[PDB]
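Reading through the structure tokens given below for one structure.
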Amino acid sequence: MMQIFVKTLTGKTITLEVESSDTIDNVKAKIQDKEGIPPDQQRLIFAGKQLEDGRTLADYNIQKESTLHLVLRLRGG
């Protein structure tokens, strides 16, 4: 049970709680589902740690009160 502090492009604090033993991809799928944004366009960064999708949250050593920032880097064409 670790609380996650998410902060979208608007700078809004989205407060949800998850499991430390959960997988990155599963939490990013929750974010993706919420904002409606494919992982190919959005990537999260917390404590300089990049989401690899497969590693658990504990695999990034840090626990609750972590901040997930959305990085939207795209061009279209």
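Don't worry about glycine lacking a Cβ; one is built from the backbone with ideal geometry, like all the others, and counts go over all protein chains shown. Rule-based calculations on the coordinates, nothing more; no lab input.
In table form, for the structure just shown:
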{"quantity": "Qualifying residues in the stretch 29-77 (those that are part of a strand (DSSP E or B) and of a type in the set (A, V, I, L, M)) - the one farthest from the chain's Cα centre (by Cα)", "calculated": "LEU72"}
{"quantity": "Qualifying residues in the stretch 1-28 (those that are of a type in the set (D, E, K, R) and not in a loop (DSSP other than H, G, I, E, B)) - the one nearest to the chain's Cα centre (by Cα)", "calculated": "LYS28"}
{"quantity": "Every pair of residues 6+ apart whose Cβ atoms lie under 9 Å, when the first sits in the stretch 1-14 and is under 9 Å from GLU65 (Cα atoms) while the second is of a type in the set (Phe, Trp, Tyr) and part of a strand (DSSP E or B)", "calculated": "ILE4/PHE46; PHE5/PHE46"}
{"quantity": "Qualifying positions in the stretch 30-49 - without any contact (Cβ under 8 Å) to a residue 24 or more places away in the chain and either in contact with a strand residue (DSSP E or B) (Cβ under 7 Å, 6 or more places away or on another chain) or more than 18 Å from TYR60 (Cα to Cα) (or both)", "calculated": "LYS30, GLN32, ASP33, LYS34, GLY36, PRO38, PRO39, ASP40, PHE46, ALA47"}
{"quantity": "The stretch 1-59 - residue that is among the small types (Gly, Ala, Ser) and exposed (fewer than 14 other Cβ atoms within 10 Å of the Cβ) and, of those, farthest from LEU72 (Cα to Cα)", "calculated": "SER21"}
